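One chain comes next, on its own, written out as structure tokens in the form deposited in one PDB entry.
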């Protein structure tokens, strides 16, 4: 099987690295405007393969994406001093108007996995331009925020992250919704589990954890300039779910007909991931405060998309 990655920057390359180390696919193709950049990352990653799994890693053109079961869109415009959030959005939408049709021309049957930020709006753009069934276009969404939420809770509880069933929904950003209400561990309410563990989650602890998730990216960027290991692994995990027709449940972004009264908007909800991309959407147990948060998050994304024309 083959996986394509358009945009060979830190995110696209870290993603290829994860796919290689975990042996998700026999072939990985990197495509970038800067051909020398993609070739360098590709050789660097190919050299890692003898230590792990045989994988044909190479740089290429859109045409080289032929036959790919999934293509990760991690292409973005370089940020500069004095660039509002909207200015970025417009520029990246221009990038996608070029990339999407070019990718689909070479790999018409590929599932598109959107990473470019703002991921929810870009997922909407990809969806509109692709003219494919809604589920064929998936955005990473809050899959990384959910991981962050689980990792911070795990550190507080001294339990493996994978045993912490907590979710983050809505916008991958400021208005995201941490679903404390139905969070559970071992089949019991999170707060109740924490107490039993002797590591109760006080209101102070919860506010601190909220900040940790919400300000996660900002803090990482402050220390190293950009984030990429976390998303790289999240993208690789989603790619594997797709290539293996896993039918696993993840909080990812996709075109949603209606959510809390907001129509035609892309945001994250728990969904079933398989060979055709998203093949099922679930609407979880939300408290009133959470439903309110979700509505607001959806309206924010709806207006951002609308202003752009999608």
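Numbering follows the first chain given and starts at 1. Think of the rigid core as the biggest set of C-alphas that the two forms share within 1.5 Å after superposition.
Below, we turn to the form deposited in another entry, even though it does not appear here.
Undergrad: Can you spot, among 190, 75, 179, 107, the one with a CA shift of 2 Å or more between the shown form and the other one after core superposition?
TA: Residue with a C-alpha shift of 2 Å or more: 190.
Undergrad: Indicate whether residue 132 shows a C-alpha shift of 2 Å or more between the shown form and the other one, with the rigid core used for the fit.
TA: Shift of 2 Å or more: no.
Undergrad: When you overlay the rigid core, is the Cα of residue 153 off by 2 Å or more between the shown form and the other one?
TA: Residue 153: C-alpha displaced by 2 Å or more between the shown form and the other one.
Undergrad: On a rigid core superposition, would residue 231 pass a 2 Å threshold for CA movement between the shown form and the other one?
TA: Not so; residue 231 is displaced by less than 2 Å.
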